[PDB]
Amino acid sequence: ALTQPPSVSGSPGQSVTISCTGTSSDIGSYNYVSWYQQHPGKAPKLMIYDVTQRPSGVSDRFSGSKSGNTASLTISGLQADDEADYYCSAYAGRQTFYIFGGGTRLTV
Amino acid sequence: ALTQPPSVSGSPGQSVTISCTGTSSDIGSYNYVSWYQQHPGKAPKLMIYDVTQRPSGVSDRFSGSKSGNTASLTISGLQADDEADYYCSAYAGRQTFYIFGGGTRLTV
Amino acid sequence: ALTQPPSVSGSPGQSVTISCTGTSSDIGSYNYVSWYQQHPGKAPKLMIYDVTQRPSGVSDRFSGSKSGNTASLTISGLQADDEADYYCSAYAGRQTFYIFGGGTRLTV
Amino acid sequence: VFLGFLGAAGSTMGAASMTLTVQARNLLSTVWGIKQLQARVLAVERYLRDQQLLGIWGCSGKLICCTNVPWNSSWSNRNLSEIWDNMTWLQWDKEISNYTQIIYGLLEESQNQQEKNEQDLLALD
Amino acid sequence: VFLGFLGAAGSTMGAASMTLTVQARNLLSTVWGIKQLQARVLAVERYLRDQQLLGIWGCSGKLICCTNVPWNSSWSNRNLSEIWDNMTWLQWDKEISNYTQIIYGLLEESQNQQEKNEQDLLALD
Amino acid sequence: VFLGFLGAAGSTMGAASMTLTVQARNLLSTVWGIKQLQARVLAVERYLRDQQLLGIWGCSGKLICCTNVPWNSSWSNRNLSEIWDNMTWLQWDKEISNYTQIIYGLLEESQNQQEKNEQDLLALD
Amino acid sequence: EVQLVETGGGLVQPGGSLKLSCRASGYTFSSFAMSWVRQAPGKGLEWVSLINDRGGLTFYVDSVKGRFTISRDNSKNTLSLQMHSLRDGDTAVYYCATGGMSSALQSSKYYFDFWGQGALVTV
Amino acid sequence: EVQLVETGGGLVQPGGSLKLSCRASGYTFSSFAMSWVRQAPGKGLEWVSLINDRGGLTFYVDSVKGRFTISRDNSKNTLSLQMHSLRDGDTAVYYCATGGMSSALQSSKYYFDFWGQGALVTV
Amino acid sequence: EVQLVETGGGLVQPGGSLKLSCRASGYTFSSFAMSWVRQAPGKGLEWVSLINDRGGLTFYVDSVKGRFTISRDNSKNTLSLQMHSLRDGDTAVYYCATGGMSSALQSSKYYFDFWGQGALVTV
Ligand SMILES: *[C@@H]1O[C@H](CO)[C@@H](O[C@@H]2O[C@H](CO)[C@@H](O[C@@H]3O[C@H](CO)[C@@H](O)[C@H](O)[C@@H]3O)[C@H](O)[C@H]2NC(C)=O)[C@H](O)[C@H]1NC(C)=O
Ligand SMILES: *[C@@H]1O[C@H](CO)[C@@H](O[C@@H]2O[C@H](CO)[C@@H](O[C@@H]3O[C@H](CO)[C@@H](O)[C@H](O)[C@@H]3O)[C@H](O)[C@H]2NC(C)=O)[C@H](O)[C@H]1NC(C)=O
Ligand SMILES: *[C@@H]1O[C@H](CO)[C@@H](O[C@@H]2O[C@H](CO)[C@@H](O[C@@H]3O[C@H](CO)[C@@H](O)[C@H](O)[C@@H]3O)[C@H](O)[C@H]2NC(C)=O)[C@H](O)[C@H]1NC(C)=O
Ligand SMILES: *[C@@H]1O[C@H](CO)[C@@H](O)[C@H](O)[C@H]1NC(C)=O
Ligand SMILES: *[C@@H]1O[C@H](CO)[C@@H](O)[C@H](O)[C@H]1NC(C)=O
Ligand SMILES: *[C@@H]1O[C@H](CO)[C@@H](O)[C@H](O)[C@H]1NC(C)=O
Ligand SMILES: *[C@@H]1O[C@H](CO)[C@@H](O)[C@H](O)[C@H]1NC(C)=O
Ligand SMILES: *[C@@H]1O[C@H](CO)[C@@H](O)[C@H](O)[C@H]1NC(C)=O
Ligand SMILES: *[C@@H]1O[C@H](CO)[C@@H](O)[C@H](O)[C@H]1NC(C)=O
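- The record lists cryo-EM as the method behind this PDB entry and 2.8 Å as its resolution.

### Here's the deal with the sheet that holds strand β6 (residues 68-73) of chain I
Residues and elements named next belong to chain I.
- Spatially, 4 strands are ordered β1-β2-β7-β6 in an open sheet, and the strand pairing comes out antiparallel. The sheet is open, and its two borders are formed by β1 (3-7) and β6, each paired with just one other strand. On average, adjacent strands in this sheet sit at an angle of 15 degrees to one another, irrespective of strand direction.
- Note that strand β2 (residues 17-25) and strand β7 (residues 78-84) share 7 bridges and pair antiparallel. In the sheet register, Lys 19 faces β7, and the bridge partner there is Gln 82.

### Describing the interface of chain A and chain G
- Contacts between the two partners involve 15 residues from chain A and, on the opposite side, 21 residues from chain G.
- Here chain A meets chain G over a buried area of about 1700 Å², counting both sides, of which 67% is carbon and sulfur.
- On the chain A side of the interface with chain G, the three residues burying the most area are A:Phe97, A:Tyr98 and A:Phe100, jointly 37% of the side's total.
- Along the contact surface separating chain A from chain G lie 5 residue pairs in polar contact.
- Those elements that place two or more of their residues in the side of chain A that touches chain G are β3 (33-38), β7 (85-91) and β8 (98-100) of chain A.
- Considering each element in turn, the side of chain A that touches chain G owes the most residues, 3 residues, to β3(A).
- Tallied by class, residues from the side of chain A that touches chain G come to 11 nonpolar, 2 polar and 2 charged.

### Concerning the environment of F:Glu115
Residue and element names in this part refer to chain F.
- Mapped onto the fold, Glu 115 is located in helix α6 (residues 100-122).
- For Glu 115, a relative accessible area of 31% puts it in the partly exposed group.
- Considering only alpha carbons, one finds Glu 115 and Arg 46, 69 residues apart in sequence, at a separation of 27 Å.
- Not counting residues within four places of it along the chain, the set of residues in contact with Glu 115 comprises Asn 68 and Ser 110.

### Focus on empty space enclosed by the protein
- Taken as a whole, the largest cavity spans an internal volume of roughly 50 Å³.
- Lining the largest cavity, in full, are D:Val41, D:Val44, E:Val41, E:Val44, F:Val41 and F:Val44.
- Of all the secondary structure elements, the ones that give two or more residues to the lining of the largest cavity are α3 (31-56) of chain D, α3 (31-56) of chain E together with α3 (31-56) of chain F.
- Across the lining of the largest cavity, the residue classes break down as 6 nonpolar, no polar and no charged.
- Each pocket or cavity is described by its volume, and for the second largest cavity that value is around 40 Å³.
- Lining the second largest cavity are E:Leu121, I:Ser31, I:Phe32, I:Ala33, I:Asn52, I:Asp53, I:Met101, I:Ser102, I:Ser103 and I:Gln106.
- When the residues that make up the lining of the second largest cavity are grouped by side-chain class, the tally is 4 nonpolar, 5 polar and 1 charged.

Analysis parameters
Residues numbered from 1 in each chain as written, not as in the entry; some residues may be left out. Chains lettered and ligands numbered in written order. Part of a larger assembly, values for the part shown. Heavy atoms only, no water. Pairing = 2+ DSSP bridges. Helix = DSSP H or I, 4+ residues; strand = E, 2+ residues; numbered from the N terminus. Axes fitted to C-alpha atoms, helices over the stretch in contact; angles between N-to-C directions. Contact = heavy atoms within 4.5 Å. Buried area = accessible area lost by both parts, 1.4 Å probe. Polar contact = N/O pair within 3.5 Å; in protein donor to acceptor, adjacent residues only side chain to side chain. Nonpolar A, V, L, I, M, F, W, Y, C, P; charged D, E, K, R; others polar. Buried < 20%, exposed > 50% of the residue type's maximum accessible area, 1.4 Å probe, protein only. 1 Å grid on protein atoms, 1.4 Å probe; cavity = no way out; pocket = protein on both sides within 12 Å on 5 of 7 lines; lining within 4 Å. Points joined across faces, edges and corners; volume = space filled by probe spheres on them.

If you want it as structure tokens, here you go:
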């Protein structure tokens, strides 16, 4: 699995960064790290894919980056809707395909 | 290995059923389950093969069946000669070929 | 790893034998067992290769032999220079290539 | 080269399957010069048509090739003993020639084509 | 046999890649007798030249063969969608014919040759 | 194509084994028209005989193929250095031509045939 | 416009069986690899299984390797997940999603683009 | 009419070696896969090794993989089991049996049809 | 006449990186497989990695499989070992040696014939 902080706190207008530590075999080997946002009680939504890329309909406020074995999601200009569970996902190779990190609660 | 009851008891004229619980990878994957009868102090003898089929020289009193991951041997019309150790055998795949269950003593 | 005695003692003029016990998969499977001599504070030097063969510049005093899963290095006519750490090495196969035994100190 | 050629023609199919190389080695070697050249060219292109058929399946460079096409009992409902221990290849060909084209079509329809495409895709992950 | 021959010629390359066997089956079948024989012999040796090219790479007996030659953006800088979903094989050939020989040279220079030698050496350990 | 053809003929066998593709690419391309056609047809069927020999062993579509036939010291008792670093392929052929047929017979007798049959059987378990 | 609706979530006894289905609309179903990802109620997401666009290749997490079976029908635009010998650890909301892989003739889609509503399975 | 007689069972020191043999009669020896199955005295049966009809393919249980070697001679109608580096866990009555597998040109014989008498090995 | 000189041993923080190099002279560099073998200061020798004569095949011990990278340049007669995510267990004197394997056209060289001086790495 991917180590993730259980909670990150912020206020509107600032910028927060949720980290995601993984093994060298998954995040240090492949540039396929993605971030999902699950509002409470609804399905997840893809916010970031391929480390940096963004889907269509996602603001520039969500951004992604990677460094070694650690991938980070930066959320800038916090708002009320941003309160969600932010899940990490990494492609871990042919044998084990996808490993999800523990969900991170954002409090605004 | 295959889980088998250590002992089953009966009287002449009734019908008893010896069970054989196995993993999904062996009994739940292949229809190759066989039953041997080893009288004390002599070699084993094939009583059932391929779950249901019978060899030549074996009475209809011995029968076999399967359900999910559990294979059963039914012996009807018990007699004195039926006192033996009844062994389960299952083909567990290419890597591990054959797994035998613990012997079951029949008392008549 | 290869089990080796931590120490072997002798005097000049005698003949000593350093043993090397290994698994059947490495010494009992391949006739590629080699012995290195590391004087203190310097690099190792190949003394024996392919169980019995000797490099160029190595005296007949160093000899090697094998029996089952145990390979032995015989040093005859002990001298002052022979004080060293004698290391065993075995080719353990395609997956794990080389396994070294624990160094053996020779005291003269 | 010619020794044993078709010698197992009357053997069982199981026994004749151990002699495939004697019958495989023997498929490759004025107006009459043109006749001999036409014969040689015809033999060459026939051999190449057979090899192409083997290659569009997964059976390239193989005299025995296992496939992923299931056997249909509409083609033959005999058990392996009747086929490989009681029958010969000539009798089997006489029995199965009506479905041979269906079998060839199935061999190149899905199994080798979808296999190849799936190996194209499995070389991505 | 001739059915569907070149029918996907105007299809996308991705869609035309599912019909390779119809165009692969169709490459193998007095003075005019000599003319017909010359045509047949030429077709045979052409087919064998193509198969030899496939075989000196790792692509023997295969209609789709993945290699270890990286794609260079000096040959084509289009993304997979423009190639396999927007373009046809004729247009792709027109675009890539200037580098085809470089690609063939790279296919037989290092990848199959060094692979084979490395498999020669990996069969020692 | 013709560049480097037989250039390593005087090289060591080890060094000439890195140039096999230059000598493999060069084996495939009125009364005199019949003469040229006979030459072309002969070259084609010769190439196909060699490929058939490679294919009845496990060496299909390969220029270097490792086998399961042990080397017998009755054929040559030289160590690898004398063969691959001191001798050329012409000298080796002169030395080993008396046993070549025995080696070919052993290559197609047991190793490929029993291997294939054993892979037929290993695809059952 | 993409919609993925799951049907078949319910209650099943331990050791039972269950067939989940996911119906897709709003896009080319046959051009997308599909995946099943489960979230236990208090825990996070866990990838269960994956199937390619043509339905020929199926991958599973080792915890459900011999028990689960992912399949699809492109004609009907349906994605099925058959579950056998259900254990207590399989209690979760199962989502059908589009992505996980792609063909060799497409860009890499190592991510789950469009998710479904969810289907609650309790053992 | 089938008979399978084992010879070579005896006493051997730990770390020793032993060659068991099994002579077969009453049937076509070369048409049958053979197997060695051992039963420790108070315990049940355990499959040891298997060899195909031609003698080219040999399979072993992982506990004796590098130590045991099954072989056969069809001309002599003999089945040999060489045992090296014998441990204390190998104490058992060894039975040679016919079956375990079959050729691709035969029906599946995933069972041991005809058993032998037995050969007692004690370490 | 054979000489193998190692350069690049030093101090590196945990989790850091380091490139060791080994320059060879006195023999045909391209005709020899190379190896890296490390000895921790109080402990014995441990094989780290191996590379063939052409530099195409690389083998590592499982403890450093995804972290270390052996390479060579035959034109320059250099053997490089790149080390990433260095742990505390990698503290050792690293020796570059000639041997470990050979080509199919050469006698077996399953041994390390000529050793280097050493390069001390401390984490
Ligand atoms: C032509 O067909 C006949 C059958 O009509 C075939 O005869 C069979 O030949 C084999 C091989 O010689 C015989 O096997 C041998 O049999 C005895 C036991 O009977 C045994 O001493 C040997 O171990 C060996 O297996 C077989 O008995 C015989 N069967 C019969 C007569 O029923 C014959 O092979 C065919 N010949 C061809 C295709 O050339
Ligand atoms: C010639 O080129 C045209 C495009 O200029 C190709 O037309 C395309 O044909 C395919 C296959 O019939 C159509 O797919 C179908 O489309 C609808 C949705 O539009 C849907 O009902 C079906 O599921 C199916 O996928 C496709 O729409 C159509 N595209 C266009 C007109 O843009 C045509 O295939 C080419 N013909 C050849 C190479 O023979
Ligand atoms: C014809 O035979 C001669 C030997 O009689 C071959 O000469 C050898 O050629 C190679 C390649 O040029 C030389 O290797 C080079 O040598 C020096 C060290 O001597 C070094 O600077 C280079 O790294 C390189 O390896 C080799 O020395 C030379 N050997 C001799 C003269 O004994 C020649 O290659 C053959 N030519 C053919 C088959 O075309
Ligand atoms: C076998 O052939 C019949 C027609 O003879 C066909 O309808 C049936 O689907 C076939 N079975 C299989 C399993 O392909
Ligand atoms: C094959 O079908 C044809 C159809 O005319 C029929 O005459 C022939 O008897 C059939 N052969 C077999 C072996 O069923
Ligand atoms: C691609 O081609 C250019 C010349 O057009 C060449 O210089 C370059 O090295 C090539 N790139 C690769 C990665 O081979
Ligand atoms: C290929 O190069 C030739 C050189 O004369 C040039 O005329 C031609 O336009 C080029 N073609 C392409 C497709 O770049
Ligand atoms: C080698 O050849 C001799 C005859 O020259 C033959 O008797 C011997 O059995 C052969 N050796 C092997 C191992 O095949
Ligand atoms: C091969 O055998 C023939 C038999 O006449 C003999 O003349 C010839 O010298 C032999 N050649 C070699 C290289 O041994």
